[PDB]
Amino acid sequence: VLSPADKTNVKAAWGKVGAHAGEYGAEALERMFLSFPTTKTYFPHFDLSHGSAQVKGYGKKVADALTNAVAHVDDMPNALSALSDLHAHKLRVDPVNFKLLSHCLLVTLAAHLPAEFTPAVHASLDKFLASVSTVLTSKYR
Amino acid sequence: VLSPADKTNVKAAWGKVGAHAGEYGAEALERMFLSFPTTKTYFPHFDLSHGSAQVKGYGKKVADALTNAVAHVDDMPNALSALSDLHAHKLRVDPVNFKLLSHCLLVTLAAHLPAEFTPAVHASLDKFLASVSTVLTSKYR
Amino acid sequence: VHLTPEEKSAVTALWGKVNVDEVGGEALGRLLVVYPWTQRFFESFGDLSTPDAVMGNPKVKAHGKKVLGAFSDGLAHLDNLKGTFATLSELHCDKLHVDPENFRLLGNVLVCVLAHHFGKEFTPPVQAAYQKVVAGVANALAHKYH
Amino acid sequence: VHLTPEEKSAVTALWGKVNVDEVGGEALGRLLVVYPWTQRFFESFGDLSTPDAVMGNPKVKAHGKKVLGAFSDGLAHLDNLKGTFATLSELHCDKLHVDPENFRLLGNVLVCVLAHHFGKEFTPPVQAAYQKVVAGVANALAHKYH
Ligand code: HEM
Ligand code: HEM
Ligand code: HEM
Ligand code: HEM
């Protein structure tokens with residue numbers, strides 16, 4: 001469960017991200033595809049080169065979903081319901097990959113938030129990304 | 001979530017375990033300690049040899065907790081509340097190990113109850129054990 | 001992965017008793033039932049709508065037999081699983097785009113099928129040896145991903 | 001794990017700028033804050049119940065310095081991580097009873113600490129090299145478990 005402090009920490013960190021959310025989403029994906037090449041198996045229809053339009057566009061979609069989750073941190077299952085349906089019934093990504101993307105999102109935030117990425121905020125962001133991942137895999141079976 | 005069919009399947013399969021619950025729990029633990037030796041790091045105070053009294057007694061505890069969870073499948077978080085407190089605050093087993101024990105419980109049930117272990121029941125049991133594991137790690141952080 | 005000589009003997013003895021016509025389809029079928037998101041890779045296989053449809057699907061049975069034959073190749077070359085599976089690793093990555101995590105799921109389903117099929121004979125030490133085998137097969141099948 | 005010459009160069013160049021007195025305590029502290037069940041191994045450190053208590057704890061800092069010193073030793077032997085860490089692997093298994101899954105968590109946090117400290121210089125290719133390193137160290141530390 002996300003605590004009151006977790007929610008404060010996540011909202012503050014995401015507020016600092018600001019207009020860079022989509023850029024950071026794309027960077028996290030690039031980090032994931034390079035560090036964890038098995039994740040590329042889900043994107044055989046993408047140009048995965050650095051700076052590709054498809055990775056930029058998809059990173060913005062990931063970022064917007066995370067922003068939606070932050071804005072609805074009190075009831076994420078309801079806010080992410082349509083996206084969780086799409087993951088369960090169509091995308092069908094193995095759950096382990098959510099931990100890989102979550103780690104790469106943390107690395108990206110760490111690399112861009114020198115003051116904000118304190119130990120407490122790191123812990124809260126990890127819990128938040130795990131909670132999002134749990135919602136997105138909640139309808140798999 | 002566990003569907004009505006899942007709950008029916010789990011109650012029937014675990015009901016056939018019956019008075020063997022403790023023996024089957026000890027066997028599942030032995031399977032886990034031999035197949036996944038890193039799990040032994042949680043039991044340095046145990047004699048882990050085949051047939052040891054401590055493994056038998058601990059297997060009964062695991063099995064009885066599972067029987068209680070089956071009996072309370074409609075409200076498992078409440079039924080397991082004290083046990084999840086103990087796991088989060090004292091035992092502190094890394095979450096990966098719950099999947100190892102769950103797999104070894106399935107193997108034990110498959111080896112002992114072939115008429116019960118149909119594909120549908122296998123699926124329901126795997127969901128149930130994952131759900132128990134989720135409850136037991138729900139208070140970790 | 002390294003099996004002891006005793007483990008190699010035990011895995012070989014049990015495998016000689018495996019019904020090569022059923023076990024592969026049972027493991028693949030159970031993968032698709034227990035982890036239904038894995039059906040994404042088999043849309044061309046037809047009806048996968050219920051457990052009975054999955055287990056009875058002739059394409060699941062036929063493909064499971066091919067998977068089992070590859071497992072048999074690995075059991076005949078336990079000291080070189082990497083080389084045994086290198087071509088299939090490249091295929092599953094480059095042509096089929098299969099996340100290797102699925103190999104671990106299938107391996108543990110296969111262990112459950114072996115336990116179901118062999119009962120008391122699938123002892124805890126025999127299981128531990130087969131866990132080494134399925135982990136080694138999964139690692140070898142993953143090795144050529146990039 | 002084996003690293004290409006370019007990855008080795010990138011790892012060594014970044015590590016030459018890592019502060020030996022600081023990064024280890026920061027990584028160990030973040031491990032204990034982010035994954036608080038890991039505190040089970042460190043009762044003798046005293047209060048670990050808040051981020052401030054963990055991060056300022058002098059035993060966390062002193063121990064983290066030793067952990068990262070051993071990590072530094074591994075970076076001098078990247079082709080022989082299993083041999084280099086065999087004695088420490090035996091210690092963590094036989095004396096300390098540490099589940100090796102924790103080694104992967106510490107690697108996670110160390111990568112985050114390097115990214116936090118270095119910022120943009122911790123590029124996606126540099127991270128990928130360090131992911132190979134931390135996986136190799138974790139695997140080496142797990143290797144003598146039995
Ligand atoms: C925090 C975790 C994640 C979030 C918030 C997220 C979000 C999204 C969103 C918003 C979409 C577009 C949905 C739509 O079209 O309506 C999408 C699509 C997709 N997701 Fe992600 N996702 C996550 C994790 C993952 C992971 C871990 C993978 C695989 C490694 C993945 C693979 C895909 C794929 C393949 C698509 C389809 C993209 C396309 O064809 O354009 N997702 N996801
Ligand atoms: C289905 C999952 C599990 C169930 C239902 C379960 C149940 C239990 C129960 C009922 C107890 C005794 C609680 C008490 O004293 O009141 C216990 C203790 C314990 N559990 Fe398990 N557990 C599970 C998974 C695990 C796993 C995966 C591990 C580690 C690999 C583990 C390690 C321990 C340890 C070390 C103890 C203390 C034993 C002792 O000191 O006597 N548990 N568990
Ligand atoms: C883990 C052990 C596995 C082995 C030994 C194995 C082996 C094989 C073999 C021998 C083939 C046929 C190659 C050919 O005809 O040239 C094949 C094809 C295929 N495999 Fe695997 N496989 C394994 C796991 C998986 C898993 C877990 C999945 C997906 C969840 C998968 C997905 C596929 C697909 C989609 C094909 C092509 C099927 C078709 O032609 O319609 N494989 N595999
Ligand atoms: C890259 C990973 C790691 C390295 C290189 C490492 C290295 C070391 C070293 C050099 C020591 C001192 C040994 C001695 O004094 O003889 C030590 C002790 C210890 N390590 Fe690790 N370690 C790692 C990860 C971990 C993790 C993840 C945990 C637990 C979550 C852990 C738990 C311990 C404990 C409990 C001690 C003993 C501390 C004490 O005496 O109070 N280690 N480690």
Side-chain angles (χ1 to χ4, degrees), chain A residues 25 29 32-33 36 38-43 45-46 54 57-58 61-66 68-69 80 82-83 86-87 90-91 93-102 105 129 132-133 136, chain B residues 25 29 32-33 36 38-43 45-46 54 57-58 61-66 68-69 80 82-83 86-87 90-91 93-102 105 129 132-133 136, chain C residues 27-28 31-32 35 38-42 44-45 59 63 66-71 73-74 85 87-88 91-92 95-107 109-110 134 137-138 140-141, chain D residues 99:
Chain A
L29 290 164
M32 177 182 75
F33 295 136
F36 307 109
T38 60
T39 63
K40 300 191 294 188
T41 61
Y42 294 97
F43 300 86
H45 58 308
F46 272 37
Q54 283 178 287
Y58 173 55
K61 294 173 192 181
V62 175
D64 281 348
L66 292 174
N68 179 33
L80 296 175
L83 185 58
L86 186 71
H87 277 265
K90 183 174 175 66
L91 306 177
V93 173
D94 186 283
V96 297
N97 297 285
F98 292 83
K99 296 179 186 298
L100 305 178
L101 179 56
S102 293
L105 284 159
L129 294 171
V132 171
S133 299
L136 296 185
Chain B
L29 291 165
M32 180 190 69
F33 294 139
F36 309 111
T38 59
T39 61
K40 297 189 295 186
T41 62
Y42 295 98
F43 301 86
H45 56 307
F46 272 33
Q54 279 169 300
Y58 173 56
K61 292 179 187 177
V62 174
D64 287 349
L66 291 174
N68 184 48
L80 293 190
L83 186 55
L86 185 67
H87 276 266
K90 298 297 195 208
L91 306 178
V93 171
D94 185 279
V96 302
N97 298 283
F98 291 84
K99 302 190 172 283
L100 304 179
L101 180 57
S102 295
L105 283 161
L129 294 172
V132 173
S133 300
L136 293 186
Chain C
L28 177 61
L31 178 81
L32 300 173
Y35 310 104
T38 64
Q39 294 174 23
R40 182 171 70 88
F41 299 106
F42 303 101
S44 70
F45 276 24
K59 272 169 181 194
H63 184 67
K66 281 150 56 93
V67 174
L68 201 73
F71 269 101
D73 197 7
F85 291 104
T87 294
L88 281 170
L91 184 75
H92 282 76
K95 184 63 167 177
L96 304 170
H97 312 289
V98 177
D99 179 358
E101 188 68 23
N102 292 295
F103 306 147
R104 301 185 191 290
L105 291 180
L106 183 56
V109 173
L110 175 60
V134 300
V137 170
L141 277 165
Chain D
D99 181 353

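Start at 1 and go down the list; that is how both ligands and their atoms are numbered. A note on names: the letters A, B, ... follow the listed sequences, proteins ahead of strands, and every chain is numbered from 1. Values below: all heavy atoms of this structure, side chains included; hydrogens, waters and symmetry mates excluded.
- Atom NZ of B/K99 has 12 or fewer neighbouring heavy atoms from other residues, nucleotides or ligands inside a 6.0 Å radius.
- Side-chain contact annotation: B/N97 with D/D99, donor-acceptor N/O pair under 3.5 Å present.
- Counting heavy atoms closer than 4.0 Å to ligand 3, residue C/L105 contributes nothing at all.
- Aromatic ring centres of C/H92 and C/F85 lie farther apart than the 6.0 Å criterion allows.
- Near C/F71, with a cut-off below 4.0 Å to any heavy atom, the atoms of ligand 3 are 2 (C).
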May I have the N/O to N/O pairs between ligand 1 and the protein that fall below 3.5 Å, each with atom names and distance to one decimal?
| from | atom 1 | to | atom 2 | distance (Å) |
| --- | --- | --- | --- | --- |
| ligand 1 | 20 (N) | A/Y58 | OH | 3.0 |
| ligand 1 | 22 (N) | A/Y58 | OH | 3.4 |
| ligand 1 | 40 (O) | A/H45 | NE2 | 2.8 |
| ligand 1 | 42 (N) | A/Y58 | OH | 3.0 |
| ligand 1 | 43 (N) | A/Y58 | OH | 3.3 |

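- Of the possible polar contacts, none joining the A/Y42 side chain to the C/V98 backbone as a donor-acceptor pair under 3.5 Å is found.
- Each of the atoms 41 (O) of ligand 3 lies under 4.0 Å from some heavy atom of C/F45.
- Under 4.0 angstrom from ligand 3, the non-hydrogen atoms of C/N102 come from both its backbone and its side chain.
- Ligand-side atoms of ligand 3 in range of C/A70: 5 (C), range being under 4.0 angstrom from any heavy atom.
- Of all non-hydrogen atoms in C/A138 and C/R104, the two that sit nearest each other are CB-NH1, 3.6 Å.
- The side-chain heavy atoms of B/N68 and B/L80, taken from C-beta on, include a pair separated by under 4.5 Å.
- Checked against a 3.5 angstrom limit, the closest N/O atoms of C/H92 and ligand 3 fall inside it.
- Judged by distance alone, the side chain of B/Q54 and the main-chain N or O of B/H45 form a donor-acceptor pair under 3.5 Å.
- Under the 4.5 Å side-chain criterion, counting only non-hydrogen atoms from C-beta, C/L32 is not in contact with C/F45.
- In this structure, the ring of C/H97 has its center no less than 6.0 angstrom from the ring center of A/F43.
- In this structure, C/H63 and C/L28 have side chains that are in contact, with non-hydrogen atoms separated by less than 4.5 Å.
- Ligand 3 has a nitrogen or oxygen under 3.5 angstrom from a nitrogen or oxygen of C/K66.
- Residue C/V98 has at least one heavy-atom neighbour below 4.0 Å for each of these atoms of ligand 3: 28 (C), 29 (C), 32 (C).
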